[PDB]
Amino acid sequence: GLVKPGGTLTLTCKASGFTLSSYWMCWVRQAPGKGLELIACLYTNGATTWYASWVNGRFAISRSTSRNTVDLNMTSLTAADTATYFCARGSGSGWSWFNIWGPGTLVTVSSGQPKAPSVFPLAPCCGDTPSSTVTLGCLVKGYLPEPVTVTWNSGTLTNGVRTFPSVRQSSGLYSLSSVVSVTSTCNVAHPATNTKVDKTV
Amino acid sequence: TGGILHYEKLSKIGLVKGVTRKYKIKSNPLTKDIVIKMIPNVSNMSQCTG
Ligand SMILES: *[C@@H]1O[C@H](CO)[C@@H](O)[C@H](O)[C@H]1NC(C)=O
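Residues numbered from 1 in each chain as written, not as in the entry; some residues may be left out. Chains lettered and ligands numbered in written order. Part of a larger assembly, values for the part shown. Heavy atoms only, no water.

- Structure determination for this PDB entry was carried out by X-ray crystallography, with a resolution of 3.2000 Å recorded in the header.

Given below as structure tokens:
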């Protein structure tokens, strides 16, 4: 997900439910909070390619044809290129609608380098009166790569889980918050910085 | 049409007079244009075109 303005990145399809060579394959991109945009398809023969009008040779598709993978190459990246890049299979060998969408890979262009997340235990103090309904949770801030995973005590109780979407501060880093409710217990991992800390049950 | 082939002597040597036909040759063509598409439209089955 980390990349420098003007750098290069290579992605891969994560569908893995079929033989990749026998299907129509596009790469779909979606800027955060924006509409879906189609980048580039790849015919089953493997030489003929379709490209949108705006790429103009900036992106390129190929397949490993041995490991059953499909790649996308990027150059001269800018802030507009920050998006989630979806590998979409398209129902048939030829041009068609997509019925299988890959999980997607987050991509972030930024002058900053990966920052380890700051985890805070937010909780109503012990001094206030405890009601029958209690609400607890964790808080994560101070991290630069967008993707976060918020699990809770290894996820054995997810009935009251309520994770919130991330938001940027003015300096470019993100912060989220998660709350729970149980009768009168938190692990957050950030893979890009490889931090998986969990304390203060 | 008339006779200028001396058909009697010809008949004696095995050439019997047959049918007499007119002579018609093409002329004055009428020109019309038409488009022929050598590639079919496969939009309704594009998924299986490959
Ligand atoms: C992507 O392009 C760059 C520069 O042209 C090149 O160094 C890199 O090997 C390419 N990656 C792939 C997977 O083709």
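## So, the nonpolar core
All names here are of chain A.
Part 1: Counting 23 residues, the largest nonpolar core has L11, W27, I39, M74 and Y85 as its most contacted members.
Part 2: Mapped onto this core, the elements with two or more residues apiece are β2 (9-12), β3 (25-30), β4 (36-42), β6 (59-63), β7 (70-74), β8 (83-89) and β10 (105-109).
Part 3: Excluding residues that lie within four positions of it along the chain, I39 makes contacts with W27, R29, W50, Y51, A52, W54, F59, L72 and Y85.
Part 4: Counting five residues, the second-largest nonpolar core is a separate cluster that includes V140, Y143, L176 and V188. (Core = buried A, V, L, I, M, F, W, Y, C linked by side-chain atoms within 4.5 Å. Buried < 20%, exposed > 50% of the residue type's maximum accessible area, 1.4 Å probe, protein only. Helix = DSSP H or I, 4+ residues; strand = E, 2+ residues; numbered from the N terminus. Contact = heavy atoms within 4.5 Å.)

## Considering the packing of aromatic side chains
Within a pair of aromatic rings, the relevant descriptors are the distance that separates the centres and the angle that separates the planes.
Residues and elements named next belong to chain A.
Part 1: Applying the stated criterion across every chain yields a total of nine aromatic pairs over all chains.
Part 2: Aromatic pair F86 and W101: ring centres 6.0 Å apart, planes at 90°, arrangement edge-to-face. Here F86 is found in strand β8, whereas its partner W101 is found in strand β9 (residues 100-101), with 15 residues between them in sequence.
Part 3: Using a relative accessible area of 18% as the deciding quantity, one classes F86 as buried.
Part 4: Given the relative accessible area of 40%, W101 is considered partly exposed.
Part 5: Ring geometry for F98 versus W101: centroids 5.5 Å apart, planes at 65°, classification edge-to-face.
Part 6: One aromatic cluster in this structure is built from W24, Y43, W50 and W95.
Part 7: In this arrangement the basic side chain of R89 is found over the ring face of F18, its NZ or CZ atom lying 5.0 Å from the centre. (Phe/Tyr/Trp six-rings, centres within 6.5 Å; stacked < 30°, edge-to-face > 60°. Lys NZ or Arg CZ within 6 Å of the ring centre and 35° of its normal.)

## Points about the side chain of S178 of chain A
Residue and element names in this part refer to chain A.
Part 1: By secondary structure assignment, the location of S178 is in strand β16 (residues 174-183).
Part 2: Exposure remark for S178: the relative accessible area of 1% places this residue in the buried category.
Part 3: A polar contact is formed between the side chain of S178 and the side chain of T163, at a distance of 3.2 Å.
Part 4: Contacts of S178, omitting those with residues within four sequence positions, involve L122, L136, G137, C138, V150, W152, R162 and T163. (Polar contact = N/O pair within 3.5 Å; in protein donor to acceptor, adjacent residues only side chain to side chain.)

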